[PDB]
Each structure stands twice: as structure tokens, then as C-alpha cells.
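Protein chains in written order, with the deposited numbering: chain B, 101 to 199; chain A, 1 to 99. To start, the structure itself, in C-alpha cells.
There are 2 protein chains.
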Amino acid sequence: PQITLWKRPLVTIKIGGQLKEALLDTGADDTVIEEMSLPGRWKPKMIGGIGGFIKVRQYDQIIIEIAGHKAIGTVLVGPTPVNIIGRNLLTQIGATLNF
Amino acid sequence: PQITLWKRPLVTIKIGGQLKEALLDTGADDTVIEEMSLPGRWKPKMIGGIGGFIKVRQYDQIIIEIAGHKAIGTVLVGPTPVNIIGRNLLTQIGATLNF
Ligand SMILES: COc1ccc(S(=O)(=O)N(CC(C)C)C[C@@H](O)[C@H](Cc2ccccc2)NC(=O)O[C@@H]2C[C@@H]3OCCO[C@@H]3C2)cc1
Ligand SMILES: [Cl-]
Ligand SMILES: [Cl-]
Ligand SMILES: [Cl-]
Ligand code: NA
């Protein structure tokens, strides 16, 4: 697809068998999802957004579908105003910015 | 251009007579620039992201040159850790996300 930016670039994701809405976010290095259950072990991570630093749970090698494209990679779980798909998974689905 | 997302999508901008580096950020509704003076009227605003909210100054009808492309719109000025070109100006340069 070619997504213009007049509205938020929201897509459906599937993680853990559940559909969720998430924002395609080229300004995010990392993918950050609201509190949910994921399998396996997690590791700690501190991330700095516009308002300051927060602790999140880092889950590696998580299966996630993004707008119908399959990805397997790192998901951070923690308090975010919206689910954001960052460059670690945007690269897996082949996304680029174009103008 | 076609910009890869293997790295942060940073470009040079010109704003208020100043050259700056900024992130092309599809996850940002608005454009947010680190503290600087701009001419004209402003009003206070609060904007929120990971880590919470910051207070910014909202300047309307500001021209910015983005990777050589002129656009006009609202610019928010405040203690952001990174300069962000948000959707309000990305639309004006015809930016799309493609996959
Ligand atoms: C109303 O307009 C705005 C504009 C921008 C924001 S934002 O900067 O908070 N942001 C909105 C998102 C969270 C819905 C844009 C987003 O692209 C920021 C943009 C950004 C980038 C870097 C620092 C601050 C903000 N990225 C971000 O938070 O990324 C997180 C993942 C990882 O990325 C590298 C930095 O560390 C983390 C944070 C909020 C409101
Ligand atoms: Cl990853
Ligand atoms: Cl605007
Ligand atoms: Cl258009
Ligand atoms: Na103005």
C-alpha cells in the first residue's frame, strides 16, 4: 500500500491471536504495545519518549502480523498512549518513506 | 527520494533562519522543534507521548524547508528531546509510507 498522512496511519495488527490497532511510526526505533500477555522471558529496557523515560518489558522473537504482513521480532510492553510499530518491524514489512 | 528505515529518517530542515536536523515522523500528529525563538503570536499547549506530557508554544503559519521542500503550518516549540516533523507538514511535501 501507499499510505498518505492526512489521518493517523493506523493499521490492524495480530499478536497472541488477538487483533489490535497500532500506529505506523517512523519516529520510533522500537515497537511498543500496551499491557498484554506474551510468552517467554522478558528483559528490562528503558526508553525515552517525548515526556521522559519509562520502563518496559522487552520480549524478543514475537510473532506479529502488521497490516497483513508477517513479522517476528522484538516487542516492548509498557504504558504508551497508543500501540506503535517502530522501525524494527517496519523494516521487516519492507516499509519506506517516499516523497 | 525513497528513504530507508534501517536508520532514523533524519533530514535537514530550515526554520526561522536556522538549519536543524529533524526526524520524519509518521507517528507525530504535529511538528515539534527544540527551544528556539520564532516570530509572531503563540499560545501554550500540552502534548503527550511516551513518558507523559510536555508544555510547548504553538506558533501558527510558520514556513519550514524540509529536505529542500517548502511547507507552511503550525510548529510547536518546547523541550522535546528530538526535532520532529509531524504529519501536519509531511502531508504538504507529499510524503507517503509504502510497503
Ligand atoms: C501532538 O503532536 C505530537 C507529536 C509528537 C509526539 S511523540 O513524539 O510523543 N510521538 C507520538 C507517539 C508516541 C504516539 C512520536 C513518536 O514517533 C516518538 C518521537 C520521539 C523520538 C525520540 C524521542 C522522543 C520522541 N517516538 C517514540 O516515542 O519512540 C519510542 C520508541 C523508541 O524510539 C527511539 C527513542 O526511544 C524510544 C521512544 C506526540 C504528540
Ligand atoms: Cl526486532
Ligand atoms: Cl498545520
Ligand atoms: Cl495527497
Ligand atoms: Na503565526
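Ideal placement from N, C-alpha and C gives every residue a C-beta, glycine not left out.
{"query": "List the endpoints of the continuous beta strand (DSSP E) containing B:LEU190.", "result": "Counting along the chain, B:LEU190 falls outside any beta strand (DSSP E), though it belongs to the alpha helix (DSSP H) covering 187-190."}
{"query": "First and last residue of the beta strand (DSSP E) that includes A:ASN98?", "result": "96-98"}
{"query": "Please list, in chain order, the chain A residues whose beta carbon lies closer than 9 angstroms to that of B:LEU138.", "result": "None at all; the shortest Cβ gap to chain A is about 19 angstroms."}
{"query": "Is residue 101 of chain A close to ligand 5? I mean its beta-carbon at under 7 angstroms from any heavy atom of the ligand.", "result": "No answer is possible for residue 101 of chain A: it lies beyond the span of chain A, which begins at 1 and ends at 99."}
{"query": "Where the beta carbon is closer than 5 angstroms to any heavy atom of ligand 3, which residues qualify, in chain order?", "result": "A:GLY73, A:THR74, A:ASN88"}
{"query": "Using CA coordinates, which residue listed in A:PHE99, A:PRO79, A:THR91 is at the minimum distance from B:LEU105?", "result": "A:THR91"}
{"query": "So, using beta-carbon positions, are B:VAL177 and B:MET146 closer together than 8 angstroms?", "result": "no"}
{"query": "For A:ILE93, does the three-state DSSP call read helix, strand or coil?", "result": "helix"}
{"query": "Any beta-carbon of chain B closer than 8 angstroms to the one on A:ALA95?", "result": "yes"}
{"query": "CB-CB under 8 angstroms to A:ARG41, same chain, minus the five flanking residues each way: which ones, in chain order?", "result": "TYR59, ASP60"}
{"query": "Scan the region 44-78 of chain A for residues whose Cβ lies nearer than 8 angstroms to a Cβ of chain B and list them as they occur along the chain.", "result": "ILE47, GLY48, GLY49, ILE50, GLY51, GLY52, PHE53, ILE54, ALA67, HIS69"}
{"query": "Taking the beta strand (DSSP E) that B:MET136 belongs to, which residues open and close that run?", "result": "Unbroken run through B:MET136: none, as it is neither H nor E."}
{"query": "Taking 7 angstroms as the line, does the beta carbon of B:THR104 fall inside it for any heavy atom of ligand 4?", "result": "yes"}
{"query": "Does the beta carbon of A:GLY17 fall short of 7 angstroms from some heavy atom of ligand 4?", "result": "no"}
{"query": "Could you check what DSSP says for B:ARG108 in three-state terms: helix, strand or coil?", "result": "coil"}
{"query": "Following a CB-centred definition, is B:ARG108 positioned closer than 7 angstroms to any heavy atom of ligand 5?", "result": "no"}
{"query": "Residues of chain A with CB under 9 angstroms from B:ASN183, in chain order?", "result": "Here the premise fails: no neighbours, minimum Cβ distance about 11 angstroms."}
{"query": "My understanding is that A:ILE54 touches A:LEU89, with C-beta atoms under 8 angstroms, so please give their C-beta distance in whole angstroms.", "result": "The Cβ separation is near 19 angstroms, so there is no contact."}
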